[PDB]
Each structure stands twice: as structure tokens, then as C-alpha cells.
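**Student:** Residue numbers (the authors' numbering): 1 to 58. Okay, here's the structure, questions in a sec.
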């Protein structure tokens with residue numbers, strides 16, 4: 001009765017939530033954007049995943 005999102009879309013949500021290095025503010029931005037338009041699932045995911053990989057020093 002909740003989450004009118006496809007598997008990929010909901011996966012994007014969770015995967016962006018699974019970004020511990022990503023600023024929670026940016027996380028909220030991507031998540032909210034996913035809520036606004038989940039059509040950008042694969043690619044808000046591609047590039048939250050990729051600020052998460054790219055604020056990552058080594």
C-alpha cells in the first residue's frame with residue numbers, strides 16, 4: 001500500500017540511503033528528487049553513488 005516505485009527505483013532509494021560517505025543533505029536531495037520523479041532512478045543513483053565515490057579520499 002506504499003512506495004509506488006519499481007524495483008530499480010526503490011533499489012535506488014535504498015542504495016542512496018546506503019551511502020555513508022554521502023552528505024545526508026545531498027542524500028535528502030537525491031531522495032526527494034526520486035520522490036518527485038523516480039524516472040531518474042538508475043541515473044540520481046548512478047551519480048549519489050558516484051558524489052559518494054568521488055568525496056571519498058584514500
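Where is the CB? At the ideal position from N, CA and C, for every residue including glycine.
Between which two residues does the alpha helix (DSSP H) containing residue 17 stretch?
**Tutor:** Unbroken alpha helix (DSSP H) run through residue 17: 7 to 17.
**Student:** Closest to residue 55 by CA distance: which of 21, 26, 10 and 1 is it?
**Tutor:** Comparing Cα-Cα distances from residue 55 to each of 21, 26, 10 and 1, the minimum goes to 21.
**Student:** Tell me whether the beta-carbon of residue 49 lies closer than 8 Å to the beta-carbon of residue 19.
**Tutor:** In this structure, residue 19 lies closer than 8 Å to residue 49 by Cβ.
**Student:** May I ask which residues mark the beginning and end of the alpha helix (DSSP H) holding residue 58?
**Tutor:** From DSSP, residue 58 is part of no alpha helix (DSSP H); its letter is neither H nor E.
**Student:** Would you mind giving the Cβ-Cβ distance between residue 26 and residue 51, rounded to the nearest angstrom? I have them listed as a contact below 8 Å.
**Tutor:** Contact holds; Cβ gap of about 6 Å.
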